[PDB]
Structures are given as structure tokens and as C-alpha cells.
>>> print(open('structure_18.csv').read())   # CSV, C-alpha atoms and all ligand atoms
chain,number,residue,atom,x,y,z
G,1,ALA,CA,-38.9,82.1,71.7
G,2,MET,CA,-42.3,80.9,72.9
G,3,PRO,CA,-43.9,77.9,71.3
G,4,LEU,CA,-46.6,77.9,68.6
G,5,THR,CA,-50.1,77.7,69.9
G,6,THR,CA,-52.6,77.7,67.0
G,7,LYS,CA,-54.4,74.5,66.1
G,8,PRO,CA,-54.7,72.9,63.7
G,9,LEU,CA,-51.3,73.4,62.1
G,10,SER,CA,-50.8,72.2,58.6
G,11,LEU,CA,-47.4,71.2,57.0
G,12,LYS,CA,-46.8,70.1,53.4
G,13,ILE,CA,-44.2,67.2,53.4
G,14,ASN,CA,-42.5,65.0,50.9
G,15,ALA,CA,-42.2,62.0,53.1
G,16,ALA,CA,-42.7,60.5,56.6
G,17,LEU,CA,-40.4,58.1,58.5
G,18,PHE,CA,-41.6,56.2,61.5
G,19,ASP,CA,-39.9,54.6,64.4
G,20,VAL,CA,-41.7,51.5,65.7
G,21,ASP,CA,-41.0,50.8,69.4
G,22,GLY,CA,-42.5,53.6,71.5
G,23,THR,CA,-43.9,55.2,68.4
G,24,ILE,CA,-46.3,52.7,66.8
G,25,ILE,CA,-46.4,50.1,69.5
G,26,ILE,CA,-45.7,50.2,73.3
G,27,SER,CA,-43.3,47.3,73.2
G,28,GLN,CA,-41.2,48.6,76.1
G,29,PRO,CA,-42.6,46.1,78.7
G,30,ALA,CA,-41.8,43.2,76.4
G,31,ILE,CA,-38.2,44.6,75.7
G,32,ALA,CA,-37.6,45.2,79.4
G,33,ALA,CA,-38.8,41.6,80.2
G,34,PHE,CA,-36.3,40.3,77.6
G,35,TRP,CA,-33.4,42.3,79.1
G,36,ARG,CA,-34.2,41.0,82.6
G,37,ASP,CA,-34.1,37.5,81.2
G,38,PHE,CA,-30.9,38.1,79.3
G,39,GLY,CA,-29.2,39.4,82.5
G,40,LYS,CA,-30.3,36.6,84.8
G,41,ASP,CA,-27.1,34.6,84.4
G,42,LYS,CA,-24.8,37.6,83.9
G,43,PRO,CA,-23.6,39.1,87.2
G,44,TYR,CA,-21.9,42.0,85.4
G,45,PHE,CA,-25.0,43.0,83.4
G,46,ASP,CA,-27.2,45.7,85.0
G,47,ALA,CA,-30.5,45.0,83.2
G,48,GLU,CA,-32.2,48.0,84.8
G,49,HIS,CA,-29.5,50.3,83.5
G,50,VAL,CA,-29.5,48.8,80.0
G,51,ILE,CA,-33.3,49.0,79.7
G,52,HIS,CA,-33.4,52.7,80.4
G,53,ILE,CA,-30.4,53.8,78.4
G,54,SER,CA,-30.9,51.8,75.2
G,55,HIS,CA,-34.3,53.0,74.0
G,56,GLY,CA,-34.1,53.1,70.2
G,57,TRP,CA,-30.8,51.1,70.1
G,58,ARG,CA,-30.3,47.9,68.1
G,59,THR,CA,-30.2,45.0,70.5
G,60,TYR,CA,-26.9,44.0,68.9
G,61,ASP,CA,-25.4,47.4,69.8
G,62,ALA,CA,-26.7,47.2,73.4
G,63,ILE,CA,-25.1,43.8,73.7
G,64,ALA,CA,-21.8,44.9,72.1
G,65,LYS,CA,-21.5,47.5,74.8
G,66,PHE,CA,-22.8,45.6,77.9
G,67,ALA,CA,-22.2,41.9,77.2
G,68,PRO,CA,-19.9,41.8,74.1
G,69,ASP,CA,-19.3,38.0,74.4
G,70,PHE,CA,-22.8,37.7,73.0
G,71,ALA,CA,-22.6,40.3,70.2
G,72,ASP,CA,-23.3,37.8,67.3
G,73,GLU,CA,-25.9,38.9,64.7
G,74,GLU,CA,-27.5,35.5,64.2
G,75,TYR,CA,-27.7,34.9,68.0
G,76,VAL,CA,-29.3,38.3,68.5
G,77,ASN,CA,-31.8,37.7,65.7
G,78,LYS,CA,-32.8,34.4,67.4
G,79,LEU,CA,-33.2,36.1,70.8
G,80,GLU,CA,-35.2,39.1,69.4
G,81,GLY,CA,-37.5,36.9,67.3
G,82,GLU,CA,-38.8,35.2,70.4
G,83,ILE,CA,-39.7,38.5,72.2
G,84,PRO,CA,-43.2,39.1,70.7
G,85,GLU,CA,-44.6,35.7,71.6
G,86,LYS,CA,-42.9,35.3,74.9
G,87,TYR,CA,-43.3,38.8,76.4
G,88,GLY,CA,-45.2,41.0,74.0
G,89,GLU,CA,-48.7,39.6,73.1
G,90,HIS,CA,-50.3,42.3,75.4
G,91,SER,CA,-48.4,45.2,73.7
G,92,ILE,CA,-50.7,48.0,72.8
G,93,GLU,CA,-50.8,50.6,70.0
G,94,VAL,CA,-49.7,54.1,70.8
G,95,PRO,CA,-53.2,55.6,70.6
G,96,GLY,CA,-53.9,56.7,67.0
G,97,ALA,CA,-51.1,54.6,65.5
G,98,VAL,CA,-53.3,52.0,63.8
G,99,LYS,CA,-55.5,54.8,62.3
G,100,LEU,CA,-52.4,56.8,61.1
G,101,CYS,CA,-50.8,53.8,59.5
G,102,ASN,CA,-54.1,53.1,57.7
G,103,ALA,CA,-54.2,56.7,56.5
G,104,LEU,CA,-50.7,56.4,55.2
G,105,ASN,CA,-51.6,53.1,53.3
G,106,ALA,CA,-54.1,55.2,51.3
G,107,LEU,CA,-51.2,57.3,50.0
G,108,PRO,CA,-48.7,56.2,47.4
G,109,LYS,CA,-46.4,53.7,49.2
G,110,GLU,CA,-43.4,55.9,48.3
G,111,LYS,CA,-44.6,58.6,50.8
G,112,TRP,CA,-43.6,56.8,53.9
G,113,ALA,CA,-41.4,54.2,55.5
G,114,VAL,CA,-40.5,52.6,58.8
G,115,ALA,CA,-37.0,52.7,60.2
G,116,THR,CA,-36.6,50.7,63.3
G,117,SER,CA,-33.7,49.4,65.4
G,118,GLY,CA,-35.7,46.2,65.9
G,119,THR,CA,-34.7,43.1,63.8
G,120,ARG,CA,-37.1,42.2,61.1
G,121,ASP,CA,-38.5,39.1,62.8
G,122,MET,CA,-39.4,41.1,65.9
G,123,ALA,CA,-40.7,44.2,64.2
G,124,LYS,CA,-42.9,42.3,61.6
G,125,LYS,CA,-44.7,40.6,64.6
G,126,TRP,CA,-45.4,44.0,66.2
G,127,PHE,CA,-47.4,44.9,63.1
G,128,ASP,CA,-49.2,41.6,63.3
G,129,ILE,CA,-50.0,42.1,67.0
G,130,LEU,CA,-51.7,45.4,66.2
G,131,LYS,CA,-53.4,44.2,63.0
G,132,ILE,CA,-51.6,46.8,60.9
G,133,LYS,CA,-50.4,45.9,57.4
G,134,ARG,CA,-46.6,45.4,57.4
G,135,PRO,CA,-45.0,48.5,55.8
G,136,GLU,CA,-43.7,48.2,52.3
G,137,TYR,CA,-40.6,50.4,52.9
G,138,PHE,CA,-39.3,48.7,56.1
G,139,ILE,CA,-35.8,49.3,57.4
G,140,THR,CA,-34.7,47.2,60.3
G,141,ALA,CA,-31.6,46.5,62.5
G,142,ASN,CA,-29.6,44.4,59.9
G,143,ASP,CA,-30.4,46.7,57.0
G,144,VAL,CA,-27.9,49.3,58.2
G,145,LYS,CA,-24.2,49.3,59.1
G,146,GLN,CA,-24.7,52.0,61.8
G,147,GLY,CA,-27.8,52.1,64.0
G,148,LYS,CA,-29.5,54.9,65.9
G,149,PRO,CA,-28.3,57.4,67.1
G,150,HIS,CA,-26.3,57.5,63.9
G,151,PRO,CA,-28.5,58.9,61.0
G,152,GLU,CA,-27.9,55.9,58.6
G,153,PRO,CA,-31.4,54.3,59.1
G,154,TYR,CA,-33.1,57.6,58.4
G,155,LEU,CA,-30.8,58.6,55.6
G,156,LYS,CA,-31.5,55.2,54.0
G,157,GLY,CA,-35.2,55.9,54.4
G,158,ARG,CA,-35.3,59.4,52.9
G,159,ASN,CA,-32.9,58.4,50.1
G,160,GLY,CA,-35.0,55.3,49.3
G,161,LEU,CA,-38.2,57.4,49.1
G,162,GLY,CA,-36.5,59.8,46.6
G,163,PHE,CA,-35.9,62.7,48.9
G,164,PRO,CA,-32.2,63.0,49.8
G,165,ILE,CA,-31.2,66.1,51.8
G,166,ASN,CA,-31.1,69.3,49.9
G,167,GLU,CA,-28.6,71.3,51.9
G,168,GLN,CA,-29.0,74.4,49.8
G,169,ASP,CA,-32.8,74.4,49.8
G,170,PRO,CA,-34.2,72.1,52.5
G,171,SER,CA,-37.7,73.2,51.6
G,172,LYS,CA,-37.4,71.2,48.4
G,173,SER,CA,-36.9,67.9,50.2
G,174,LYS,CA,-39.2,67.8,53.3
G,175,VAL,CA,-39.0,64.7,55.5
G,176,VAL,CA,-40.5,64.3,59.0
G,177,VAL,CA,-39.4,61.6,61.5
G,178,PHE,CA,-41.8,60.3,64.3
G,179,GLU,CA,-39.8,59.2,67.3
G,180,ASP,CA,-40.1,58.6,71.1
G,181,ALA,CA,-36.4,58.1,72.1
G,182,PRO,CA,-33.4,60.4,72.3
G,183,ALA,CA,-31.3,58.1,70.1
G,184,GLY,CA,-34.0,58.3,67.4
G,185,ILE,CA,-34.4,62.0,67.7
G,186,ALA,CA,-30.7,62.6,67.3
G,187,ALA,CA,-30.5,60.2,64.4
G,188,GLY,CA,-33.5,61.9,62.7
G,189,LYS,CA,-32.0,65.4,63.2
G,190,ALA,CA,-28.6,64.3,61.9
G,191,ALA,CA,-30.5,63.0,58.8
G,192,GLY,CA,-31.8,66.5,58.2
G,193,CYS,CA,-35.4,65.6,59.2
G,194,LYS,CA,-38.1,67.6,61.0
G,195,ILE,CA,-38.9,65.7,64.2
G,196,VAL,CA,-42.2,64.8,65.8
G,197,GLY,CA,-41.5,63.6,69.4
G,198,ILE,CA,-44.1,61.2,70.8
G,199,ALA,CA,-44.5,61.6,74.6
G,200,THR,CA,-44.9,57.9,75.4
G,201,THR,CA,-41.6,56.5,76.7
G,202,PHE,CA,-40.7,60.0,78.0
G,203,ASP,CA,-42.8,62.9,79.2
G,204,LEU,CA,-43.1,66.4,77.8
G,205,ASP,CA,-40.7,67.9,80.4
G,206,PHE,CA,-38.0,65.5,79.3
G,207,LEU,CA,-38.6,65.9,75.5
G,208,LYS,CA,-38.6,69.7,75.7
G,209,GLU,CA,-34.9,69.3,76.3
G,210,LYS,CA,-34.4,67.3,73.1
G,211,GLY,CA,-34.2,68.2,69.5
G,212,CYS,CA,-37.8,67.4,68.5
G,213,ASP,CA,-39.6,70.2,66.7
G,214,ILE,CA,-43.1,69.3,67.9
G,215,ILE,CA,-44.2,67.1,70.7
G,216,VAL,CA,-47.5,65.2,70.8
G,217,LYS,CA,-49.1,62.9,73.4
G,218,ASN,CA,-49.9,60.3,70.7
G,219,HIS,CA,-51.1,60.0,67.2
G,220,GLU,CA,-54.7,61.0,67.9
G,221,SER,CA,-53.2,64.5,67.4
G,222,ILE,CA,-52.2,63.7,63.8
G,223,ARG,CA,-53.9,63.3,60.4
G,224,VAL,CA,-52.8,63.1,56.8
G,225,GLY,CA,-54.5,64.9,53.9
G,226,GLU,CA,-54.4,64.3,50.1
G,227,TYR,CA,-51.5,63.4,47.9
G,228,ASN,CA,-50.6,66.1,45.4
G,229,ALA,CA,-49.0,64.5,42.3
G,230,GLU,CA,-47.7,67.9,41.1
G,231,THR,CA,-45.6,68.8,44.1
G,232,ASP,CA,-45.1,65.2,45.2
G,233,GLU,CA,-46.4,66.3,48.7
G,234,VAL,CA,-48.9,65.3,51.3
G,235,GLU,CA,-50.5,67.5,53.9
G,236,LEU,CA,-49.6,66.6,57.5
G,237,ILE,CA,-52.1,68.0,60.0
G,238,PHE,CA,-51.6,68.4,63.8
G,239,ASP,CA,-55.0,68.8,65.3
G,240,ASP,CA,-53.3,69.1,68.7
G,241,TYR,CA,-49.9,69.1,70.2
G,242,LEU,CA,-48.2,69.6,73.6
G,243,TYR,CA,-45.4,71.9,72.4
G,244,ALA,CA,-44.2,73.2,69.0
G,245,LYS,CA,-41.0,75.1,68.3
G,246,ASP,CA,-41.4,78.6,66.9
G,247,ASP,CA,-39.7,77.6,63.6
G,248,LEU,CA,-41.6,74.2,63.2
G,249,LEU,CA,-43.1,75.3,59.9
G,250,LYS,CA,-39.8,76.3,58.3
G,251,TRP,CA,-37.3,74.0,56.7
L,1,CA,CA,-38.3,54.1,69.4
L,2,CL,CL,-40.9,70.6,70.5
L,3,HG,HG,-37.1,53.8,80.3
L,4,HG,HG,-48.7,54.2,62.3
L,5,HG,HG,-34.5,63.9,56.7
L,6,HG,HG,-38.5,68.9,71.6
>>> encode(input="structure_18.csv", output="C-alpha cells", more="lines below")
Ligand SMILES: [Ca+2]
Ligand SMILES: [Cl-]
Ligand SMILES: [Hg+2]
Ligand SMILES: [Hg+2]
Ligand SMILES: [Hg+2]
Ligand SMILES: [Hg+2]
Amino acid sequence: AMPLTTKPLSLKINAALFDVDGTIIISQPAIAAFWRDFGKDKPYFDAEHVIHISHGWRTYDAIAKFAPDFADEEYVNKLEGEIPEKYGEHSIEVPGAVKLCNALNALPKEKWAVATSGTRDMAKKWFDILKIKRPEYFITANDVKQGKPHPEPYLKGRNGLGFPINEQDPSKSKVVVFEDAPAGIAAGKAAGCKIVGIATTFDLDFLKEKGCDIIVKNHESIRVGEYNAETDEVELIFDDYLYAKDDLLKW
């Protein structure tokens, strides 16, 4: 039925998993610049198409589909590692991201993780460019066999934090995913997570058609409370949001 409306809304969670591109950093211009360059000597490669269909995909997987002659892990690592310096020094934080990452750093490190389709050499530089501490639990492109939209990166994250899915009682193992992209939202949902959609890459109208449970403009809508050692939980607070599903608070 109709969305929730009351603010703030408070949710006890066991862990939080964060996407990087579009969620922590607006790296999309840098990534688009890379794809245009990649395509410049490939007549069969429609960079425009690839840029807009591959949000949240591993670069290796986009290349495997659209230019498979170049689907070589070391080569892709080399290409991606160059992106931050060449095209991404002007990349900005999703508003509130720096603050939220700092607030997460104050919690036990086992309460959160990053799971990105970016390679490690690219993603680590994004944190440096925003002056955010590199995350301790940090899942990247080559840490998984299957990338988003398959759940593997998010399964690996929740399992690594000590909260595998509890199918019988999902309220005993409560994990939220923060994501901007359809691929990531599908992956998060398939990993049994509650989903916070960030309306950066896409707008509210678009994300209302996707499996996110709550949609926010950015992270200025979001705070974290105090760790509770007894329940191994932390309080997630939404000071504001654009849309929240009627069952958001239920697992
Ligand atoms: Ca993303
Ligand atoms: Cl929603
Ligand atoms: Hg796009
Ligand atoms: Hg953050
Ligand atoms: Hg999950
Ligand atoms: Hg949604």
C-alpha cells in the first residue's frame, strides 16, 4: 500500500554493506570517460550503450559482453587502476558519504563492509580522493567469482561479518545494503538484504520501480546510533527519505 511517512524512522540492524560508485562517490563521469576512451578504436563498441547499461557491473564483465577479445583480468586491472588519476580527480562525494563513513568507523569494524564491482586499485583511490579511511572489510571485483547482479559480493560480505541469511527467522540476521544501481539492488535482494536506494545515478521515479525498500536523495538523510554488544546491533536512523515501502521495518 502507501509508503511510510513518519520521520525519523529507526531500524536495529546487525550489519551494513555499501556499494561504492554512485553510493559513496560520484565516479560515473570518470567511468564514462574511460568507456569512451576504451571504445575509440573499436567500431563495434557502443560506449554510450555500455555506459548506461553497466552501472554496478565489473568492468571485466562489461568487456566480456561487449568486447570479449579484451576480457583479461590483468589487462582490466591495469585499465581500471588508471581511471582515478586520468579521469576522476574531480569526483565528488555523494553528500553525507564522508560523514556516514566516519560514523561507521566509530563502530566495531565488523559492523560494516564495502562490496564494489570496482577493482581494488580503482576503489582504494576513490576513498583517497574523498579523504575517507579505506574500509577494513573491502570486497572488490576480483574477490568474487560472480559479480553483481549475482548476490555473491553481498553474500560474501554478510557471511564475513558473521550474519549469514537466516531463512527461518530473518529478523535474527539483519543486513542492509546501500546501492544506486539496478544490478546492485538485485544482487542485494538476492542476498536477503534490506535495500536503501540512493537517488544519485537514477531518480526517484525510476527507483520506485526497483526492489529497494527505502529511497533517499543522499546520505544526509542517514545517521547511525550506538553499538549494542548484547544484541550485536546498531541503530540505523533515517532522518528523511523520498519513499519507504510499507513493510520497510519488517524482516
Ligand atoms: Ca554502484
Ligand atoms: Cl522504496
Ligand atoms: Hg547512466
Ligand atoms: Hg560512507
Ligand atoms: Hg543480506
Ligand atoms: Hg524502490
>>> residues_near_point(input="structure_18.csv", point="(-52.7, 57.7, 73.5)", cutoff="6 Å", atoms="only C-alpha atoms", output="NGL selection string")
:G and (94-95 or 218)
>>> atom_distance(input="structure_18.csv", atom1="atom CA of residue G:69", atom2="atom CA of residue G:151")
26.5 Å
>>> closest_atom_pairs(input="structure_18.csv", of="stretch 24-141 of chain G", to="stretch 153-158 of chain G", cutoff="7 Å", atoms="only C-alpha atoms", output="CSV")
residue,atom,partner,partner_atom,distance
G:113,CA,G:157,CA,6.5
G:115,CA,G:153,CA,5.9
G:139,CA,G:153,CA,6.9
>>> residues_around(input="structure_18.csv", residues="residue G:164", least_positions_apart="4", cutoff="12 Å", atoms="all atoms listed in the file", output="list in words")
residues 14, 15, 154, 155, 156, 157, 158, 159, 160, 168, 169, 170, 171, 172, 173, 174, 175, 191, 192 and 193 of chain G
>>> closest_residue(input="structure_18.csv", among="G:166, G:201, G:5, G:91", to="ligand HG 3 (chain L)", atoms="all atoms listed in the file")
G:201
>>> closest_atom_pairs(input="structure_18.csv", of="chain G", to="ligand HG 3 (chain L)", cutoff="12 Å", atoms="all atoms listed in the file", output="Markdown table")
| residue | atom | partner | partner_atom | distance |
| --- | --- | --- | --- | --- |
| G:21 | CA | L:HG3 | HG | 12.0 |
| G:22 | CA | L:HG3 | HG | 10.3 |
| G:26 | CA | L:HG3 | HG | 11.7 |
| G:27 | CA | L:HG3 | HG | 11.4 |
| G:28 | CA | L:HG3 | HG | 7.8 |
| G:29 | CA | L:HG3 | HG | 9.6 |
| G:31 | CA | L:HG3 | HG | 10.3 |
| G:32 | CA | L:HG3 | HG | 8.7 |
| G:47 | CA | L:HG3 | HG | 11.4 |
| G:48 | CA | L:HG3 | HG | 8.8 |
| G:49 | CA | L:HG3 | HG | 9.0 |
| G:50 | CA | L:HG3 | HG | 9.1 |
| G:51 | CA | L:HG3 | HG | 6.2 |
| G:52 | CA | L:HG3 | HG | 3.9 |
| G:53 | CA | L:HG3 | HG | 7.0 |
| G:54 | CA | L:HG3 | HG | 8.3 |
| G:55 | CA | L:HG3 | HG | 6.9 |
| G:56 | CA | L:HG3 | HG | 10.6 |
| G:180 | CA | L:HG3 | HG | 10.8 |
| G:181 | CA | L:HG3 | HG | 9.3 |
| G:182 | CA | L:HG3 | HG | 11.0 |
| G:200 | CA | L:HG3 | HG | 10.1 |
| G:201 | CA | L:HG3 | HG | 6.4 |
| G:202 | CA | L:HG3 | HG | 7.5 |
| G:203 | CA | L:HG3 | HG | 10.8 |
| G:206 | CA | L:HG3 | HG | 11.8 |
>>> closest_atom_pairs(input="structure_18.csv", of="chain G", to="ligand HG 6 (chain L)", cutoff="10 Å", atoms="all atoms listed in the file", output="JSON lines")
{"residue": "G:182", "atom": "CA", "partner": "L:HG6", "partner_atom": "HG", "distance": 9.9}
{"residue": "G:185", "atom": "CA", "partner": "L:HG6", "partner_atom": "HG", "distance": 8.9}
{"residue": "G:195", "atom": "CA", "partner": "L:HG6", "partner_atom": "HG", "distance": 8.1}
{"residue": "G:196", "atom": "CA", "partner": "L:HG6", "partner_atom": "HG", "distance": 8.0}
{"residue": "G:197", "atom": "CA", "partner": "L:HG6", "partner_atom": "HG", "distance": 6.5}
{"residue": "G:198", "atom": "CA", "partner": "L:HG6", "partner_atom": "HG", "distance": 9.6}
{"residue": "G:199", "atom": "CA", "partner": "L:HG6", "partner_atom": "HG", "distance": 9.9}
{"residue": "G:204", "atom": "CA", "partner": "L:HG6", "partner_atom": "HG", "distance": 8.1}
{"residue": "G:205", "atom": "CA", "partner": "L:HG6", "partner_atom": "HG", "distance": 9.1}
{"residue": "G:206", "atom": "CA", "partner": "L:HG6", "partner_atom": "HG", "distance": 8.4}
{"residue": "G:207", "atom": "CA", "partner": "L:HG6", "partner_atom": "HG", "distance": 4.9}
{"residue": "G:208", "atom": "CA", "partner": "L:HG6", "partner_atom": "HG", "distance": 4.2}
{"residue": "G:209", "atom": "CA", "partner": "L:HG6", "partner_atom": "HG", "distance": 5.9}
{"residue": "G:210", "atom": "CA", "partner": "L:HG6", "partner_atom": "HG", "distance": 4.6}
{"residue": "G:211", "atom": "CA", "partner": "L:HG6", "partner_atom": "HG", "distance": 4.8}
{"residue": "G:212", "atom": "CA", "partner": "L:HG6", "partner_atom": "HG", "distance": 3.5}
{"residue": "G:213", "atom": "CA", "partner": "L:HG6", "partner_atom": "HG", "distance": 5.2}
{"residue": "G:214", "atom": "CA", "partner": "L:HG6", "partner_atom": "HG", "distance": 5.9}
{"residue": "G:215", "atom": "CA", "partner": "L:HG6", "partner_atom": "HG", "distance": 6.0}
{"residue": "G:216", "atom": "CA", "partner": "L:HG6", "partner_atom": "HG", "distance": 9.8}
{"residue": "G:242", "atom": "CA", "partner": "L:HG6", "partner_atom": "HG", "distance": 9.9}
{"residue": "G:243", "atom": "CA", "partner": "L:HG6", "partner_atom": "HG", "distance": 7.6}
{"residue": "G:244", "atom": "CA", "partner": "L:HG6", "partner_atom": "HG", "distance": 7.6}
{"residue": "G:245", "atom": "CA", "partner": "L:HG6", "partner_atom": "HG", "distance": 7.5}
>>> closest_atom_pairs(input="structure_18.csv", of="chain G", to="ligand HG 4 (chain L)", cutoff="7 Å", atoms="all atoms listed in the file", output="tab-separated table")
residue	atom	partner	partner_atom	distance
G:24	CA	L:HG4	HG	5.3
G:97	CA	L:HG4	HG	4.0
G:98	CA	L:HG4	HG	5.3
G:99	CA	L:HG4	HG	6.8
G:100	CA	L:HG4	HG	4.7
G:101	CA	L:HG4	HG	3.5
>>> atom_distance(input="structure_18.csv", atom1="atom CA of residue G:239", atom2="atom CA of residue G:176")
16.4 Å
>>> atom_distance(input="structure_18.csv", atom1="atom CA of residue G:78", atom2="atom CA of residue G:117")
15.2 Å
>>> closest_residue(input="structure_18.csv", among="G:46, G:58, G:66, G:112", to="residue G:141", atoms="all atoms listed in the file")
G:58
>>> closest_residue(input="structure_18.csv", among="G:79, G:246, G:44, G:25", to="residue G:130", atoms="all atoms listed in the file")
G:25
>>> build_atoms(input="structure_18.csv", residues="stretch 69-81 of chain G", atoms="N, CA, C and O atoms", output="short mmCIF file (atom, residue, chain, number, x, y, z; two decimals), keeping the file's coordinate frame")
data_model
loop_
_atom_site.label_atom_id
_atom_site.label_comp_id
_atom_site.auth_asym_id
_atom_site.auth_seq_id
_atom_site.Cartn_x
_atom_site.Cartn_y
_atom_site.Cartn_z
N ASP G 69 -19.47 39.39 74.69
CA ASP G 69 -19.30 38.00 74.40
C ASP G 69 -20.43 37.44 73.52
O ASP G 69 -20.28 36.47 72.76
N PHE G 70 -21.59 38.10 73.66
CA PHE G 70 -22.80 37.70 73.00
C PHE G 70 -23.22 38.50 71.79
O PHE G 70 -24.30 38.31 71.25
N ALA G 71 -22.32 39.38 71.34
CA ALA G 71 -22.60 40.30 70.20
C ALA G 71 -22.34 39.48 68.90
O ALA G 71 -21.26 39.55 68.29
N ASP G 72 -23.36 38.72 68.51
CA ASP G 72 -23.30 37.80 67.30
C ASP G 72 -24.67 38.03 66.66
O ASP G 72 -25.72 37.85 67.28
N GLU G 73 -24.64 38.45 65.40
CA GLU G 73 -25.90 38.90 64.70
C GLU G 73 -26.95 37.77 64.66
O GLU G 73 -28.13 38.03 64.94
N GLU G 74 -26.56 36.55 64.32
CA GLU G 74 -27.50 35.50 64.20
C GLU G 74 -28.14 35.15 65.61
O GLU G 74 -29.34 34.93 65.73
N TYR G 75 -27.30 35.20 66.64
CA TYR G 75 -27.70 34.90 68.00
C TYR G 75 -28.75 35.97 68.42
O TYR G 75 -29.83 35.64 68.91
N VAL G 76 -28.42 37.24 68.14
CA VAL G 76 -29.30 38.30 68.50
C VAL G 76 -30.64 38.22 67.76
O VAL G 76 -31.71 38.43 68.33
N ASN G 77 -30.59 37.87 66.47
CA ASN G 77 -31.80 37.70 65.70
C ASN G 77 -32.67 36.59 66.32
O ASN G 77 -33.88 36.76 66.41
N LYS G 78 -32.04 35.51 66.78
CA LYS G 78 -32.80 34.40 67.40
C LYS G 78 -33.48 34.93 68.66
O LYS G 78 -34.68 34.75 68.83
N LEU G 79 -32.70 35.58 69.52
CA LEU G 79 -33.20 36.10 70.80
C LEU G 79 -34.37 37.10 70.57
O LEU G 79 -35.43 36.97 71.17
N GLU G 80 -34.19 38.04 69.65
CA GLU G 80 -35.20 39.10 69.40
C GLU G 80 -36.50 38.48 68.80
O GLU G 80 -37.60 38.90 69.15
N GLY G 81 -36.37 37.53 67.87
CA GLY G 81 -37.50 36.90 67.30
C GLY G 81 -38.53 36.24 68.21
O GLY G 81 -39.72 36.05 67.86
#
